[PDB]
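These notes concern the structure reproduced below.
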Amino acid sequence: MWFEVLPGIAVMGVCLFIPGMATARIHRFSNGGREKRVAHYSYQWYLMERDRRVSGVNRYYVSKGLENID
Amino acid sequence: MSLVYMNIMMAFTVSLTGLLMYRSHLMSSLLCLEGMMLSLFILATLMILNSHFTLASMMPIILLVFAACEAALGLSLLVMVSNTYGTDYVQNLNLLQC
Amino acid sequence: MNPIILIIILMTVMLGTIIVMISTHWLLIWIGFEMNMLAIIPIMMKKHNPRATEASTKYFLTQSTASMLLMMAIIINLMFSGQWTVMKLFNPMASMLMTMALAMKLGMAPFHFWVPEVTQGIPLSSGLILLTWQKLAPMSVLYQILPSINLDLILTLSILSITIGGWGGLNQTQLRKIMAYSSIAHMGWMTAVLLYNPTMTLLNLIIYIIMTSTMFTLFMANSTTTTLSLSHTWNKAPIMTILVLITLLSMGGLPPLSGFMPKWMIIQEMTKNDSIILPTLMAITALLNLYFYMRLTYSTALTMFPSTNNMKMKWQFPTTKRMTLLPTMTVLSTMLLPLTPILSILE
Amino acid sequence: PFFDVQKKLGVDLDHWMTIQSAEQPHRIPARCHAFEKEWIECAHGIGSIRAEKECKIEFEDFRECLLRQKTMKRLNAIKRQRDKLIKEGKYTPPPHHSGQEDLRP
Amino acid sequence: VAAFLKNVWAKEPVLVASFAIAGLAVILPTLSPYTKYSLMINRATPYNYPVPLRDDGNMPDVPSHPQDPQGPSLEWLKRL
Amino acid sequence: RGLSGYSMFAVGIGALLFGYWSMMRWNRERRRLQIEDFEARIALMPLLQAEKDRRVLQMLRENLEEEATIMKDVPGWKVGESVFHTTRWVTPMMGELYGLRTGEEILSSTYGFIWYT
Amino acid sequence: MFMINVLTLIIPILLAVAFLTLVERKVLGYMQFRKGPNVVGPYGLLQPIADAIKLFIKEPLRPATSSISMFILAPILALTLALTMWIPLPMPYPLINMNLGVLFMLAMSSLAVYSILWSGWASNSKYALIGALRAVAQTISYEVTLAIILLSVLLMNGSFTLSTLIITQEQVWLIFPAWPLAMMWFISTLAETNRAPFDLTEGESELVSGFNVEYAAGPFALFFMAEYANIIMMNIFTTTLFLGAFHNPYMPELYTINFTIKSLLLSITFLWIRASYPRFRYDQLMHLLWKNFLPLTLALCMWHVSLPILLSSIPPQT
Amino acid sequence: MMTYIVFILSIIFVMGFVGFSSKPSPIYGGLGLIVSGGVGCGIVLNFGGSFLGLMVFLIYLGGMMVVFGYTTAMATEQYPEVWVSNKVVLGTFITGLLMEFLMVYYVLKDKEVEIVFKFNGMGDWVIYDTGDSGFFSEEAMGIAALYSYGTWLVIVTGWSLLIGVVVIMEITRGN
Amino acid sequence: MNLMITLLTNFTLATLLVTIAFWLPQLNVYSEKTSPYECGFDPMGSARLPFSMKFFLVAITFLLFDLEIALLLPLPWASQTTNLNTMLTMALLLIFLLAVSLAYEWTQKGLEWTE
Ligand SMILES: CCCCCCCCCCCCCCCCCC(=O)OC[C@H](COP(=O)([O-])OCC[N+](C)(C)C)OC(=O)CCCCCCCCCCCCCCCCC
Ligand SMILES: CCCCCCCCCCCCCCCCCC(=O)OC[C@H](COP(=O)(O)OCCN)OC(=O)CCCCCCCCCCCCCCCCC
Ligand SMILES: CCCCCCCCCCCCCCCCCC(=O)OC[C@H](COP(=O)(O)OCCN)OC(=O)CCCCCCCCCCCCCCCCC
Ligand SMILES: CCCCCCCCCCCCCCCCCC(=O)OC[C@H](COP(=O)(O)OCCN)OC(=O)CCCCCCCCCCCCCCCCC
């Protein structure tokens, strides 16, 4: 009856779940298991470029804590 | 000066000579005034965003406003030419030659 | 037109001229010119005939092109000076573009090709607005940028305007084209004295506006738009023939009339600066303006062209027209020369 | 006709967008704030005729701040001579002009 | 005035709602006690750096440390 | 069928008042959080400013010690000649710092923030 | 690995358009008392594949009078601007995190009209001419309110960032303070996306197929899979504006499932409206978005300017 | 050649200007002006003006849709000139393109050029600021200052738009 | 950078759905199938005749009202100011001037269509 639209709606819902889940897993994979750094403002970008400079491996996401200093 | 100002002033001059040499069609040259407004927008905005003179950043918006505020004027003056005559050809506007 | 809308549109024309006059910022000069053009277009299309639409189209295209060149001069000034103050321009390219823009807005030759067309297409009242009130905002900006105006450019524009406005009015029988070529020649006179003494520029502007407002008010009071219809004025109101006689002899630069006042003072300021050839050519070229003024005085006042029979009906009806300030402007345009040192108030 | 209504009535209609050294939102400086401040404080009150020749040096520094013509001409000379020495092979770039340098902070 | 209001609510109710919402947006910020706190929040949002002062010797209102009792406080924003 | 007019307008205006109250509380909390983030920025700014000063002086000295090696054959050249008449510090241009470096560093330093996602 | 992140965006929404055709036909069938496709696949799950194979092996039929460069460029730009408005949409993390993503949505909505417009002009036909200039009458009608509604709802957000519109709606949905803006935005997105009762360009009873009456299959597919991409993107955009879900930063899939089912309910609502209402006339369209929605939109713009100042609830811009 | 991206977008800007300035037909004039106003919001977006580029894109999209409607209603001929139908369109189109790429060739080979002003030939990345603006994009703050500082500018602009509507309805009457 | 890659991908597989839509099927071209459509009969005249716009005054006023959302659009940023009553007055002045414009266009019958 009416519930035969539910396979098509379910397949459409899976096909809409794929982009958001995909970009979340890609942001966690390309950034060391964390969110993607949002730089809307130039201060956030300056901190991100500082992280890229202080990581030593030319990657902003590799974080260095108190173990880097003595 | 910087390299991009060459081409933005070049686009102003291209739109200037396009406006200032009519091809017997008034809408095709009302596009050229709008292109001169575009080139002035981008030129002034490159200068203002370059020098970080932030308070003149409201200036191109205002500029852009008067762009359509005369372009609409031209279109309101395009339809009266194209109601007197079937076309908007500029050679129909030669009654004031006598 | 709805008179509330006519009041608002005329106050907006006045507001655009005032915004050009009072502002210290280039963007506000440009806004004032845009507001002035935008509001004066329905004054030209007050009657809704094809000649007003043609005149408004030509006027829109000329003034829009001039405002484009004006804003390009403003942006080049912004590059080469980093600022927006309405003062001298810090680049000769921006100086040339702004002088071209203001010369187009004045209708000075060789940008003169719209002033007889647009002036003929529109009514006499809107033609009065065009030839007087629209000659106030570009003359403000020219008064404000004269440390940067090229001498050769403004003198070439000036003498070319005087010569072309002299020769143009000789071939005319329409009164509005006569007043338009008269406008071209007089703007040449005003801008030739601009770099030497701009007080004489303001003096010539004020005396010209008085004489032109007198002539258009006489044309509106007589309802005449051609030479040959102005020639019927002796049979209807013979005092108006005397007024156009004294005002046209005043506009030709004849003493003892006030229209001799600017010209002479302009010569008085150009011979101080060791320029003898140029005001001499200007004075001799003003004889052409005087010649078509004398043609109009011959057709109107000094002879009596034949009238029609129906004029006998117009003998029975007086003028109910608002001849606003017509005796005041007629006295000021003819009998002001003994008050010639009043020009010091324009300093 | 500069009918100075803004100074007669004491109103600020458009004196605020006039120059770069004026009061800016959130105290944002222009890139040529010091040059324009020096040029305006030099040329204040001495008139345009004395300002075009007695404050020429500050206005040249300010114009060369604005358009950076001498700076870009000098960088043209440096980069062109560097490219010529690379093309002749008479000069090699250092490692800190190639990337492998373990940058400062 | 009530019969004309009922007439325009019967004929053009969208315009009645429009002029009502517009009239409230005009008159009501002048009748609210919280419009002061909008300005006080906006001028207490620190975009720029609080550039310090050279201690001449006589400035009793300016602190020497952020945790000093003198200076501008934001307890009004914490409570509200 | 359905409700009356006054009931539906009352439900709509009540939903308006609830939304306005909730957004009032949450935007006041967001402004307090913004002030906290800005004060964290302010407390970090002296260290970032000192490192930025040493950064740009490092880069200008590297551009100066390599300008004398390139500009050796050129006659009349004056190494490190200012293009300004004043002796005041001028904030360096992007070409003054990254003029001798690779295009990767140039793009990442001068279009990096704009192009970032 | 950003190229995979693009290919995992546009390929799942070239599939969701395909199955949206099936959902459209079946919900349209069960609301019209009949059944939809249930013959090709198991209860119709292969009918989109059948149509997608049928449309790309049919003769393309470029006309003789058609300006061929604009005739080919207009469906390319249609599907291009259908795909490229998905990039600032936060799902909870957008593909391209724009600081001004709302204005990117608005500007690309304005640019996507030219696909319809140049397709109607380029195919030199009289019915495709009328379907072209009805898009002009529709676009001068919705755009004059599509921007002020979207202005007034972002005066509670603080910026034009779409990702900040999740932080904005963390306590309450933004449909509760802005339900007149919501029920006016929803109609404005109906009028934008050329769905019924605002079809009016592909208006089948008046114009045989409208602006794309000359586009045979292959190029007809790129106007048919562009419009449905516009309705899914547009209901995701309406869900982000007014029905913002719970975001856990450690579990993004909860937000993805929640706004997915909300956007599916809004797409089913578009199908409910297309299957139930009579279609407007394209002047009555214009006297709706100008005489009715525009004055009340101006009033609510005054109210949503003055109200965050009135309550000390001005949202942060950071 | 990626540091020259604003220069490359500016070449496409001049190409669009030669496209609509040759005046083929206002269909293709609107096409060329959309292309120029869409690469011009990529020129100016690389200077920091993301708000101030998207607006000149969006306003001109609305503008060219209106101009399209008028050139389909008023400025229409039976055989519109595409780009190549008239010899005077194609001749000046090729002329503008050859002169533009000529001054491209003279500025990348010599790294300096002079048409009336003097222009550099290096990529315009050189002139950018080496600092950061903090938690505000400064062009957004300056356009936001149109309400706090720009009150007279608001008054004259809103009055000009009001009388623009009044002026246009007084023109388009006929009687 | 990533924006231009995304737009290049969208344009690329929007134009590669076209080049496999023209070149994959079998073409049979004859000069009656590529004729224009006028419901079977031949079209009387060209479709490049002037199709007169009835909504022209609304179309010109759309050019002016679209500038208003270049002026009213910085209001989320204008609300962040420290001269806030002045901002509120100028904002309500701009929406009120737009509304006075719309009222004038209403009452003078500018929103109606011609014929
Ligand atoms: C975003 C999520 C979803 C949101 C809700 C949307 C879902 C419901 C959709 C249903 C299907 C609609 C399909 C398309 C229908 C198109 C037709 C249509 O809607 O026309 C609009 C109709 C048009 O009606 P009309 O055309 O009959 O109008 C007659 C007009 N004259 C007389 C000139 C001919 O209604 C509106 O315009 C109203 C729009 C919304 C109004 C919101 C008002 C809010 C409250 C205001 C204040 C009231 C109190 C007073 C002040 C108090 C102050 C304290
Ligand atoms: C250096 C800067 C100096 C600035 C000085 C400013 C002084 C004031 C402004 C002067 C500028 C020119 C003024 C005239 C503009 C035209 C006015 C106009 O056209 O008014 C319309 C009206 C039409 O009359 P009507 O018969 O009713 O019309 C039928 C239908 N149209 O009426 C008319 O057409 C009749 C004419 C009315 C106005 C003429 C009187 C004013 C100008 C003459 C000089 C007055 C002396 C004082 C000022 C001296 C300086 C100009
Ligand atoms: C002061 C607050 C701010 C006010 C300004 C800001 C307004 C913001 C909203 C935007 C409005 C823009 C458009 C307004 C147009 C108004 C003019 C108009 O349309 O008049 C015609 C209309 C009747 O329509 P009709 O003549 O039939 O038109 C043909 C189509 N049927 O005529 C009518 O419907 C009658 C209009 C007059 C009576 C309206 C009464 C409303 C009262 C609401 C409660 C009080 C609110 C406080 C303000 C005082 C109101 C008097
Ligand atoms: C012949 C007909 C035409 C045939 C070819 C058609 C091609 C496709 C046409 C459709 C696409 C048009 C694209 C127009 C430019 C769009 C710009 C854009 O997307 O800007 C949005 C975004 C703003 O984000 P922002 O606020 O800057 O945040 C970063 C700062 N932290 O920006 C960012 O995030 C910045 C990322 C880098 C931006 C680079 C500059 C823009 C590139 C423009 C490419 C050319 C556009 C051509 C338009 C043609 C129109 C027909």
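Each reported figure results from applying straightforward, stated rules to the coordinates on display, with no laboratory input. All Cβ positions, even for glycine, are placed from backbone atoms using ideal geometry, and neighbour counts span all protein chains on display.
Footprinting exposure proxy ranking of D:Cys32, G:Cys301, D:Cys42, fewest other C-beta atoms within 10 angstrom first, gives D:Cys42, D:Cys32, G:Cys301.
Note on region G:218-318: semi-axes of the ellipsoid equivalent to its C-alpha gyration tensor, largest first and rounded to whole Å, are 29, 27, 12. Its relative contact order, with pairs defined as Cα atoms under 8 Å and 6+ residues apart, puts chain I at 28 percent.
Going Cα to Cα from E:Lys6, which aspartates and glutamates come in below 12 Å? Please leave out same-chain ones fewer than 8 positions away. Correct list for E:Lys6: empty, as no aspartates and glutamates qualify. Relative to the longest principal axis of the Cα atoms of chain I, the long axis of helix I:2-15 makes an angle of roughly 30 degrees. Taking the centroid of alpha carbons for each part, region C:296-347 and region H:78-112 are 59 Å apart.
Could you tell me the ratio Rg/Rh of region G:98-142? Both radii from Cα atoms, Rh via Kirkwood.
Taking Rh as the inverse mean 1/r over Cα pairs, Rg/Rh reads 1.13.
When the Cα atoms of region C:1-130 are aligned to their principal axes, the ranges along those axes come out at 46, 33, 17 Å in descending order. Of all the Cα-Cα pairs you can form in chain C, what percent are over 25 Å apart? Summing the P(r) of chain C above 25 Å gives 52 percent of all pairs. To the nearest ten degrees, helix F:5-65 and the longest principal axis of the Cα atoms of chain F are 10 degrees apart. With the simple spin-label model, which puts each label point 7 Å out from Cα in the Cβ direction, the H:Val116 to F:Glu105 separation comes to 4.1 nm. For C:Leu10 and C:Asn49, a Förster radius of 30 Å and the Cβ-Cβ distance give a FRET efficiency of 0.90, rounded to the nearest 0.05. When the helices in chain G are scored as -39500 (n - 2.57) per DSSP H run of 4 or longer and the sum is shared across all residues, what 222 nm value do you end up with, to the nearest 500 deg cm²/dmol? Rounded to the nearest 500, it is -19000 deg cm²/dmol. Mean-square fluctuation check for chain C, GNM, Cα pairs under 10 Å: which of C:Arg51, C:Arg176, C:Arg322 is largest? Ranking C:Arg51, C:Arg176, C:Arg322 by mean-square fluctuation puts C:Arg322 first.
Amide H contacts of C:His25: C:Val86, each under 5 Å away and 5 or more positions distant or on a separate chain (H built 1.01 Å from N in the peptide plane; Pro and chain starts excluded). Taking only alpha carbon atoms, the protein assembly as shown gives an Rg to Rh ratio of 0.98, where Rh is the Kirkwood radius.
Cross-link reach is defined here as a Cα-Cα straight distance under 21 Å, omitting same-chain residues fewer than 8 places apart; for C:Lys88 the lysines meeting it are C:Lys105, C:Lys135, D:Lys7, D:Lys37, D:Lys53, D:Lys56. Between region H:22-68 and region C:30-107, the alpha-carbon centres lie 23 Å apart.
The distance linking region D:1-27 with region F:1-46 is 38 Å (Cα centroid to Cα centroid, whole angstrom). Taking all Cα pairs closer than 8 Å and separated by 6 or more residues, the relative contact order of chain A comes to 15 percent. Among the GluC sites (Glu not before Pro) in region H:43-108, those located in a DSSP loop and surrounded by at most 15 other Cβ atoms within 10 Å of their own Cβ are H:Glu77. Helices meeting the span-like rule in chain H (full DSSP H runs, Cα extent of at least 18 Å along the helix axis, mean Kyte-Doolittle score of -1.0 or higher): H:5-21, H:26-43, H:51-73, H:87-108, H:151-171.
Local charge for C:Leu203 was computed over the other residues whose Cβ lies under 11 Å away, with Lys and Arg +1 and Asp and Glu -1, and equals -1. Secondary-structure-derived ellipticity at 222 nm for chain F, considering helices only, amounts to -23000 deg cm²/dmol, per-run term -39500 (n - 2.57) for DSSP H runs with n ≥ 4.
Can you give the local net charge around C:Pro116? Use residues other than it whose beta-carbon is closer than 9 angstrom to its beta-carbon, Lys and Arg +1, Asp and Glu -1. Local net charge: +1. Legend: ranking of residues I:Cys39, B:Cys32 from fewest to most surrounding C-beta atoms inside 10 Å; resulting order I:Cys39, B:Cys32. The simple Förster model, with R0 at 35 Å and r as the Cβ-Cβ distance, assigns G:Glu204 and I:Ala103 a FRET efficiency of 0.40.
Each distinct pair of alpha carbons in region B:1-86 adds a 1/r term; the inverse of their mean, the Kirkwood radius, is 14.3 Å.
Counting charges near I:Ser101 (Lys, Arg +1; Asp, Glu -1) among other residues having Cβ under 13 Å from its Cβ returns a value of -3. A Gaussian network model of chain G, with springs between Cα atoms under 10 Å, assigns the largest mean-square fluctuation among G:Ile13, G:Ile57, G:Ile130 to G:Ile57.
Against chain G, whose longest principal axis is taken from its Cα atoms, helix G:252-274 shows a tilt of about 50°. Loop-resident trypsin sites (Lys or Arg not before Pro) (DSSP state other than H, G, I, E or B) in region H:93-144 with no more than 15 further Cβ atoms inside 10 Å of their Cβ: H:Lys109.
How would you classify chain E from its alpha-carbon gyration tensor, with a ≥ b ≥ c the square roots of the eigenvalues: rounded for a/c under 1.5, else prolate if a/b is greater than b/c, otherwise oblate? Since a/c reaches 1.5 and a/b is larger than b/c, the shape of chain E is classed as prolate.
Any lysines with Cα under 16 Å of the G:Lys58 Cα? List them, leaving off those in the same chain fewer than 8 positions away. Correct list for G:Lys58: I:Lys33. Among F:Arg28, F:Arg41, F:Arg54, the largest mean-square fluctuation in a Gaussian network model of chain F (Cα springs under 10 Å) belongs to F:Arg28.
Phi angles of region C:79-89 translate, via the Karplus equation with coefficients 6.51, -1.76, 1.60 and θ = phi - 60°, into HN-Hα couplings of 5, 7, 9, x, 7, 10, 6, 7, 7, 4, 9 Hz per residue; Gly and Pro are given as x. Computed from the Cβ-Cβ distance with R0 of 45 Å, the FRET efficiency linking A:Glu67 to G:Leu28 stands at 0.10.
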